[PDB]
């Protein structure tokens, strides 16, 4: 019931396509990428060095991708503005190129005839949304952002903790392998971004990052100062509750001794790790949450697409 077109056939674009093709109420009408041919696009989608071999059947006709009998238009336009989104009746253009992430730039998909646009990356200007955090604040805007995979791991946890105990302020560290033998620090805006999806925490969270050479699963290390005193059991219970409710598929929860790889391909946005965390005092605790670098995030991009539809 919702027509979409995916711009960019990279790790994200391809995974979004895979997920979308499974949504009964979505109809992928096109994909675009100026750096590859239809033949190469078909080959990559089928034998994906990143996401593995596509179980379905794929082929093409030098003009359209044929997935399980479903034809998907393919273009190679370097400027989204020249795309036949209008002629194709594109309700939502999903841009996973990371180059048309602002309002002005992402506007092209609108000019081309696309009703709305969803940016699969954090934006400085477009309104950001995190499923399970503030997708309910969507007020019909035409161009939205889904933030980053890191922010999508942190934000839901920040929400749960702030709603139940309150967060005076927090400092995060994410140990990740987001796109050898080294631990490499860098800055990250993922923590500050939470302030964009949770206005009440604006200016109350920030952090940094350590890149490590591991499989495609990263982790969030959040050290927060609580408003109200709490025991670790109350904190666990608060998260666990949310993981059993409506946000069942977004917020994960475990109490086992895990290894990052255990979550490869997991679709939750964040998986709370009860055992990994530790509390020093009633108002000072370190919380841990895992996240696949792309599966949870990509599943949320499609969720956001259907929500804005």
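Residue numbers count along the first chain shown, from 1.
A chain break between residue 179 and residue 180 is present, corresponding to 10 or more residues of the deposited sequence without coordinates. Higher average CA B factor: 133 to 141, of the stretches 133 to 141 and 218 to 226. For the pair 52 to 60 and 264 to 272, the mean Cα B-factor is higher in 52 to 60. Take 65, 251, 280, 259 and read off each C-alpha B-factor from the entry; 65 has the highest. Comparing the listed residues 194, 212, 172, 88, the entry records the largest Cα B-factor for 88. Residue 205: CA B factor lies in the lowest third for its chain, per the PDB record. When the CA B factors of the chain's modelled residues are split into thirds, the value for residue 146 lands in the middle one.
Among all modelled residues in its chain, residue 105 ranks in the highest third by Cα B-factor. The entry lists a Cα temperature factor for residue 156 that places it in the lowest third of the chain's modelled residues. Sorting the modelled residues of the chain by their CA temperature factor places residue 96 in the middle third.
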